[PDB]
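Peer 1: Sharing a structure below in structure tokens format, with a few things to ask.
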Amino acid sequence: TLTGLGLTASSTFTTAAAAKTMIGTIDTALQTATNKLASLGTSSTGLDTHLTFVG
Amino acid sequence: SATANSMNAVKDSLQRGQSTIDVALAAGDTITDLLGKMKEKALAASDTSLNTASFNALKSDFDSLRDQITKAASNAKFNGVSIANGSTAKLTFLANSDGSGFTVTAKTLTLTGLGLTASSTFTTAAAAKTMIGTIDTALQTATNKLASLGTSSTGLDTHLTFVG
Amino acid sequence: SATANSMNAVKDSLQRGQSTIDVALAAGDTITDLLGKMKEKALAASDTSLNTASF
Amino acid sequence: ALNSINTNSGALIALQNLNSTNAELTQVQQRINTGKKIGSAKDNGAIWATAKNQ
Amino acid sequence: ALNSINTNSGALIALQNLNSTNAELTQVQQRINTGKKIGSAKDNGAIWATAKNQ
Amino acid sequence: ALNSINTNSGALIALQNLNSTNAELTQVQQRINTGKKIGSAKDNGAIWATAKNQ
Amino acid sequence: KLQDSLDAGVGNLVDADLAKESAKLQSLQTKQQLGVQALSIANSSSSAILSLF
Amino acid sequence: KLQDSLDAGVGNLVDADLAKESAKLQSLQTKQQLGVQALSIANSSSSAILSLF
């Protein structure tokens with residue numbers, strides 16, 4: 001969710017300097033989001049391997 | 001005739017030994033696949049051309065595969081005994097009516113038995129360059145342990161036929 | 001029959017030898033191309049009409 | 001036993017090897033379909049995150 | 001003995017031979033299913049460990 | 001080996017030969033495209049730098 | 001030029017080599033038919049016990 | 001090229017020759033049915049004693 005990326009639901013840029021800061025804010029949001037999704041995929045693959053073992 | 005009847009308990013013990021070794025070999029296949037992926041992660045991480053985000057991603061994958069290795073090692077038990085989790089030095093299976101036993105020396109597969117520690121990782125590219133050799137040694141000793149377990153299983157099978 | 005079975009290890013030895021010679025031959029192709037390039041470099045360098053920086 | 005009727009362990013081992021073949025076939029299909037050896041986060045999380053940012 | 005009814009040695013020998021037949025058949029079935037003559041540590045521990053590291 | 005399903009060495013050799021052919025096709029396309037046999041530093045660094053200074 | 005190089009780099013990271021996939025596909029399909037064959041031979045094992053009775 | 005040669009070497013180490021195994025397969029199935037016949041002929045041996053009385 002937006003709070004999980006460091007964004008807030010109210011967030012916006014009202015002027016060009018605020019947009020210049022928002023570039024870095026969005027970049028950090030994308031970085032942490034992709035890392036969370038990668039950890040999720042790794043845990044899913046681990047579940048698949050343990051399922052084969054239990055079989 | 002009483003001797004010929006006790007041969008049944010002998011056969012049951014040898015079959016129990018082959019079953020335990022089978023569960024250990026399945027856990028070993030899991031651990032070896034994970035160790036190869038961990039070696040690939042440390043190899044990619046050793047590169048100095050990577051930026052900080054890619055390095056942190058490779059580090060987190062290495063740590064997650066470490067935890068999966070220790071989990072796969074602890075989960076490898078057959079009816080409460082195990083020959084790979086390091087819970088005992090040895091297991092002895094019957095070989096004759098007089099009680100003499102076939103012996104199987106345990107081969108640990110837990111992280112401590114591989115030489116890795118439960119919290120091992122790399123925080124810098126030089127540490128990853130060391131981790132390549134560490135993971136390679138771990139994979140080598142793991143495969144040797146699994147091969148010795150396989151020979152023990154085949155020997156139990158041949159003795160089962162002779163007992164029959 | 002025991003001889004007939006040991007022939008398998010013989011076959012594995014000869015196959016390992018072929019694979020070793022194949023890796024050697026691939027590196028040899030690389031080395032030969034490098035040697036031809038260096039011969040052209042020395043050949044062009046031998047010319048006395050070149051200035052300093054070209055040499 | 002060895003001539004048991006209740007149990008057929010050889011069928012068990014055969015089914016396990018069959019399931020492994022099916023899994024390899026499925027992942028080769030996914031690669032032909034997407035054109036990507038890392039098509040998702042389940043293939044290689046670190047390289048996938050790197051590619052998304054780039 | 002020769003004309004015993006308690007014991008049947010010939011059936012014992014025939015059973016051992018049939019068991020060896022089924023063991024050979026199971027090994028060949030595994031070799032066709034997996035496509036590998038060394039599919040596991042059991043088949044040959046030394047060659048198996050070598051191939052795994054390679 | 002000879003009749004293995006897991007491994008197809010001949011396909012590997014054919015793929016290597018085809019990839020070499022595609023590499024030669026790429027460098028010919030660049031020569032047709034730019035009109036230079038040294039269109040970049042990669043083609044020949046020494047002659048390229050000499051031509052640039054000249 | 002930098003945009004082109006970044007696209008080429010993403011392709012280097014995550015693009016499959018289809019020519020390899022073709023041969024792996026045909027071999028896996030042959031392995032599948034052989035696996036179904038072997039599993040059927042495995043299923044048929046118990047029937048012989050009827051002959052002894 | 002080195003990766004390809006290493007994979008070919010692993011294939012030389014572990015891979016089976018399926019044609020030979022096919023011939024062995026048919027031979028072993030025949031030998032199995034012959035074994036079941038011989039075992040049945042062996043099991044029936046005690047019947048001869050009954051007719052002597």
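Peer 1: With N denoting the number of residues in the protein assembly as shown, provide Rg(C-alpha) divided by 2.2 N^0.38 Å, to two decimal places.
Peer 2: In units of the 2.2 N^0.38 Å rule of thumb, it is 1.30.
Peer 1: Which whole number gives the average count of other chain Cβ atoms within 10 Å of the Cβ atoms across peptide C:2-9?
Peer 2: 0
Peer 1: Let me ask another. For the protein assembly as shown, with only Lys/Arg (+1) and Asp/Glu (-1) charged at the beta-carbon, what is the dipole magnitude about the Cα centre, in debye rounded to 20? Mind dumping the intermediate values first?
Peer 2: Numbers: 43 positive and 36 negative charges, 100 e Å.
Roughly 480 debye, rounded to the nearest 20.
Peer 1: Now a separate question. What does the convex hull of the alpha-carbon atoms of chain A project to on average, in nm²?
Peer 2: Projected area, direction-averaged: 4.2 nm².
Peer 1: Would you compute the Debye intensity of chain G from its alpha-carbon atoms alone, equal scatterers and no solvent, and pass along log10 I(q)/I(0) at q = 0.17, 0.29 Å⁻¹ to two decimals?
Peer 2: Ignoring solvent entirely, the Cα scatterers give -0.73, -1.01.
Peer 1: Taking the Cα centre of the protein assembly as shown as the origin and placing charges on Cβ (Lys, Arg +1; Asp, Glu -1), which of H:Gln29, A:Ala9, G:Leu34 is farthest toward the positive end of the dipole?
Peer 2: A:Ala9
Peer 1: Compute the long axis of helix A:16-54 from its Cα atoms, compare it with the longest principal axis of the Cα atoms of chain A, and write down the angle in degrees, 0 to 90, nearest 10.
Peer 2: 10 degrees
Peer 1: On alpha-carbon atoms, Rg over Rh for chain B using Kirkwood Rh?
Peer 2: Ratio of gyration radius to Kirkwood radius: 1.16.
Peer 1: Report the gain in length on full extension from C:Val10 to C:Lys37: 0.36 nm times residue separation, minus Cα-Cα distance, nm rounded to one decimal. Don't skip to the end; give the middle numbers.
Peer 2: Numbers: separation 27, 0.36 × 27 = 9.72 nm, distance 4.16 nm.
Stretched out fully, the C:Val10 to C:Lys37 stretch lengthens by 5.6 nm.
Peer 1: Sticking with this one: Among B:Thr30, B:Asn96, B:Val81, pick out the residue whose Cα is farthest towards the positive end of the charge dipole of the stretch B:22-126, where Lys and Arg carry +1 and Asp and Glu carry -1 on C-beta, about the Cα centre.
Peer 2: The residue sitting farthest along the positive end of the dipole is B:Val81.
Peer 1: Now a separate question. Would you calculate the separation in nanometres between label points at C:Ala24 and A:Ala17, each defined as 7 Å from the Cα along the Cα-to-beta-carbon direction?
Peer 2: 7.2 nm
Peer 1: With a 10 Å radius around each residue's Cβ, average the other Cβ atoms per peptide and rank B:122-135, A:8-21, H:8-21, highest first. Working shown, then result.
Peer 2: Values: B:122-135: 16.7, A:8-21: 9.4, H:8-21: 19.0.
Going by the mean number of other Cβ atoms within 10 Å, highest first, we get H:8-21, B:122-135, A:8-21.
Peer 1: Report, in listed order, any pair from E:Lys42/H:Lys20; B:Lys129/F:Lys37; B:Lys71/H:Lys20 with a Cα-Cα distance greater than 31 Å.
Peer 2: Those over the limit are B:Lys129/F:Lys37; B:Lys71/H:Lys20.
Peer 1: Within 10 Å of each Cβ of E:3-13, how many other protein chain Cβ atoms are there on average? Walk me through the intermediate numbers first.
Peer 2: Values: counts 5, 3, 4, 1, 1, 4, 2, 6, 10, 2, 3.
Partner-chain Cβ atoms within 10 Å, mean over residues of E:3-13: 4.
Peer 1: Which order do peptides C:30-38, A:40-48 fall in by mean Cβ count within 10 Å, highest first?
Peer 2: Values: C:30-38: 10.0, A:40-48: 15.1.
Averaged packing, sorted descending, gives the order A:40-48, C:30-38.
Peer 1: Let me ask something else about it. Peptide B:142-149: average number of partner chain Cβ atoms within 10 Å per residue?
Peer 2: 5
Peer 1: Mind checking the dipole of chain B: about its Cα centre, +1 per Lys or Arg Cβ, -1 per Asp or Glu Cβ, Debye to the nearest 20?
Peer 2: For this selection, approximately 220 debye.
Peer 1: Something else about it: Dipole of chain C, Cα-centred, from +1 at each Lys and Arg C-beta and -1 at each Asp and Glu C-beta, to the nearest 20 debye?
Peer 2: With only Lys, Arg, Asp and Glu charged at Cβ, the dipole is about 120 debye.
Peer 1: Still on this model: P(r) for the stretch B:122-164, please, calculated from all Cα pair distances in 10 Å bins and given in %.
Peer 2: Here the calculated profile for the stretch B:122-164 is 25, 25, 21, 15, 10, 5.
Peer 1: What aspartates and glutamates could a cross-link reach from C:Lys39, if we take a straight Cα to Cα line under 18 Å and drop same-chain neighbours fewer than 8 places away?
Peer 2: Those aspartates and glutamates meeting the cut-off are C:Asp29, C:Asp47, F:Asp43.
Peer 1: Could you tell me the calculated FRET efficiency between H:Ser44 and G:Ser40, based on Cβ-Cβ distance and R0 = 35 angstrom, to the nearest 0.05? Show your work: numbers first, answer last.
Peer 2: Numbers: r = 31 Å, r/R0 = 0.89.
After rounding to 0.05, the efficiency reads 0.65.
Peer 1: Computed over the Cα atoms of chain E, what is the convex hull's projected area averaged over all directions, in nm²?
Peer 2: About 5.4 nm², averaged over all directions.
Peer 1: Can you give the net charge of the other residues whose Cβ lies under 11 Å from the Cβ of G:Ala8, counting K and R as +1 and D and E as -1?
Peer 2: -2
Peer 1: If you plug each phi of the stretch G:37-53 into the Karplus form 6.51 cos²θ - 1.76 cosθ + 1.60 with θ = phi - 60°, what whole-Hz ³J(HN,Hα) values come out, in order, with x for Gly and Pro?
Peer 2: Karplus-based 3J(HN,Hα) across the stretch G:37-53 equals 4, 5, 5, 5, 4, 5, 5, 6, 5, 6, 4, 5, 5, 5, 5, 6, 9 Hz.
Values in this text are rule-based calculations from the coordinates and carry no lab data. FYI the Cβ positions are ideal-geometry reconstructions off the backbone, even for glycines, and counts take in every protein chain you see.
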